[PDB]
Amino acid sequence: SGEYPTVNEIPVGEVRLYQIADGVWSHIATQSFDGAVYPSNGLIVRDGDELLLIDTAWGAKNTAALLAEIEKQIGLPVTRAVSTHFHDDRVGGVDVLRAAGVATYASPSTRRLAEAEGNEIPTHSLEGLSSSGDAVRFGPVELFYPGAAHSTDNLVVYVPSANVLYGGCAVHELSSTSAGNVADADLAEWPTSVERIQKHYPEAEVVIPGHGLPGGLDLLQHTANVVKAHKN
Ligand SMILES: C[C@@H](c1cccc2c(-c3ccc(NS(=O)(=O)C4COC4)c(F)c3)c(C(=O)O)[nH]c12)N1C[C@]2(C[C@@H](CN)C2)OC1=O
Ligand SMILES: [Zn+2]
Ligand SMILES: [Zn+2]
């Protein structure tokens, strides 16, 4: 009924959309992993009469449900997708997208990591993102590589028309107490990577984490704090 949708509110297999700003939505789905259920976010950005998708909905069936929810709620075709790192919450569903006519993209680093680990592999490589601080335009967004954080390949996404910063899994929600799933993280570099985000996007108005509730710029400092404490 209008609040941001939470883990116990979304059965695994269903997807909900949340309007963030004019022409910007997040998508929210839930998935089981190692015997626990988690929510996860992605982004949808209007690109004229098409849509740009950021991240899958964490699995094939969830991503099919995402496409159906977009058709119901928005009714414009998803033509391109970018995955912001190599984990299944970002690429699981890429095969569904590709067979639905979506062109799928990720950095070469993400593509290599996905391939090596047995995750689904986006089709197209995004060059120009291999050094921290790099940025490239992609339709209505800017893609930014902040450096290693949650993963070595993690990208963030900025929507300049709306000052929306999609941090993906490099950014945690305000309620977080731990740094989430740190299996592939660089805890030592993560605060430096967040500092690069803070410096590059000082006018961000909405910050969206990879999992959990959007907020403002405080998500970035909170993330740095939780990561430093986890490491400590
Ligand atoms: C698919 C993804 C994954 C799986 C399960 C959970 C998560 C979380 C996560 C976990 C917990 C909380 N929120 S919480 O519970 O409230 C917490 C904060 O305070 C207390 C959360 F928000 C997110 C993240 C994330 O952190 O992005 N990713 C996850 N994989 C799997 C893999 C690959 C490796 C294979 N060896 C392991 O690594 C990953 O990331
Ligand atoms: Zn991850
Ligand atoms: Zn994640």
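You'll find the structure just up there.
Cut-off values and rules
- Residues numbered from 1 in each chain as written, not as in the entry; some residues may be left out.
- Chains lettered and ligands numbered in written order.
- Heavy atoms only, no water.
- Salt bridge = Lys/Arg side-chain N within 4 Å of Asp/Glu carboxyl O.
- Helix = DSSP H or I, 4+ residues; strand = E, 2+ residues; numbered from the N terminus.
- Buried < 20%, exposed > 50% of the residue type's maximum accessible area, 1.4 Å probe, protein only.
- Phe/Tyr/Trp six-rings, centres within 6.5 Å; stacked < 30°, edge-to-face > 60°.
- Pairing = 2+ DSSP bridges.
- Contact = heavy atoms within 4.5 Å.
- Axes fitted to C-alpha atoms, helices over the stretch in contact; angles between N-to-C directions.
- Near = heavy atom within 4 Å.
- Polar contact = N/O pair within 3.5 Å; in protein donor to acceptor, adjacent residues only side chain to side chain.
- Areas by Shrake-Rupley, 256 points an atom, 1.4 Å probe, with all protein chains shown as cover.
- Nonpolar A, V, L, I, M, F, W, Y, C, P; charged D, E, K, R; others polar.
- Right-handed = clockwise from strand over helix to strand, strands pointing away.
- Donors = N, O, S within 2.8 Å, 3.2 Å for Na, K, Ca; no water.
- Tetrahedral: all angles 85-135°; square planar, octahedral: opposite > 155°, others 65-115°.
- Core = buried A, V, L, I, M, F, W, Y, C linked by side-chain atoms within 4.5 Å.
- Arc of directions from axis to C-beta.

Below, the discussion takes up the pattern of salt bridges. Counting across every chain of the model gives 6 salt bridges. The salt bridge partner of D22 is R46, with a shortest N-O separation of 2.9 Å. Of this pair, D22 sits in the loop between β1 (15-21) and β2 (24-33) while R46 sits in strand β3 (residues 36-47), and the two are 24 residues apart along the sequence. Judged by relative accessible area, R46 falls into the partly exposed class, the value being 33%. One network of salt bridges, in which partners are shared, links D55, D89 and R90.

Throughout the structure, instances matching the rule amount to 5 aromatic pairs. Cluster of aromatic residues (ring-pair linked, three or more members): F144, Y158 and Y201.

What follows deals with the sheet that holds strand β6 (residues 103-106). Strand order in the open sheet formed by 7 strands is β1-β2-β3-β4-β5-β6-β7, and the pairing between neighbours is mixed. If you trace the sheet from one side to the other, it starts and ends with β1 and β7 (124-125), each paired once. Packed on one face of the sheet, helix α1 (residues 60-73) meets β1, β2, β3, β4 (50-54) and β5 (78-82) and runs near 55 degrees to β1.

Quick look at the site of ligand 1 now. In the vicinity of ligand 1, 16 residues are found, and the nearest of them are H87, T177, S178, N181 and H211. Between ligand 1 and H150 there is a distance of 3.5 Å, counted from an oxygen atom to a side-chain nitrogen or oxygen. Relative to its free-state accessible area of 780 Å², ligand 1 is covered by the protein chains to the extent of 75%. Among the residues forming the shell around ligand 1, the class breakdown is 5 nonpolar, 9 polar and 2 charged.

The next subject is the environment of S32. Residue position: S32 is located in strand β2. A relative accessible area of 43% means that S32 is categorised as partly exposed. Residues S32 and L51, spaced 19 residues apart in sequence, show a C-alpha to C-alpha distance of 28 Å. If near-sequence neighbours (up to four positions away) are discounted, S32 is found in contact with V12 and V37.

Moving on, we get to the pairing of strand β12 (residues 206-209). Note on strand geometry: in a regular strand, side chains alternate between the two faces of the sheet. In this structure, strand β11 (residues 164-168) lies alongside β12, joined through 4 bridges in parallel fashion. Bridging from a neighbouring strand, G168 pairs with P209 of β12. With respect to chirality, the unit in which β11 leads through helix α5 (residues 190-200) into the neighbouring parallel β12 is right-handed.

Right, let's talk about the sheet that holds β11 for a bit. Strand pairing in a sheet relies on backbone hydrogen bonds. The paired strands run either parallel or antiparallel. Strand order in the open sheet formed by 5 strands is β8-β9-β10-β11-β12, and the pairing between neighbours is mixed. In this open sheet, the two strands that pair with only one neighbour each are β8 (135-138) and β12. The sheet shows a mean angle of 20 degrees between the axes of neighbouring strands, taken without regard to direction. In this fold α5 packs onto β8, β9 (141-144), β10 (156-159) and β11, with an angle of close to 150 degrees to the strand it touches most, β9.

Attention shifts here to the coordination of the zinc ion (ligand 3). Summarising the metal site, the zinc ion (ligand 3) is bound by the protein donors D89 (OD), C169 (SG) and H211 (NE2), whose distances to it range over 2.1 to 2.4 Å. Between the 4 donor atoms coordinating the zinc ion (ligand 3), the angles at the centre fall across 83 to 160 degrees, so the site counts as irregular. Positions of the donor residues of the zinc ion (ligand 3) along the chain correspond to the pattern D-x79-C-x41-H. The zinc ion (ligand 2) is placed at 3.6 Å from the zinc ion (ligand 3). Of this pair, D89 sits in helix α2 (residues 88-91) while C169 is found in the loop between β11 and α5, placing the two residues 80 residues apart along the sequence.

This next bit is on the nonpolar core. Of all hydrophobic cores here, the largest spans 22 residues; its most connected members are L43, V82, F138, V141 and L143. Mapped onto this core, the elements with two or more residues apiece are β3, β4, β8, β9, β10 and β11. Those residues in contact with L43 that lie beyond four places of it in its chain are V24, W25, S26, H27, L52, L53, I54, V159, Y166 and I208. By size, the runner-up hydrophobic cluster in this structure holds 20 residues, among which are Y158, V207, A224 and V226.

A few words on α5. Every buried residue belonging to α5 is among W190, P191, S193, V194 and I197, and all of these are buried. For α5, the angular spread of the buried residues around the axis is 160 degrees, confining them to a single face. Exposed side chains of α5 directed beyond 90 degrees from the buried face belong to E195 and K199. Lining the buried residues of α5 we find β9, β10, β11 and α6 (218-231).

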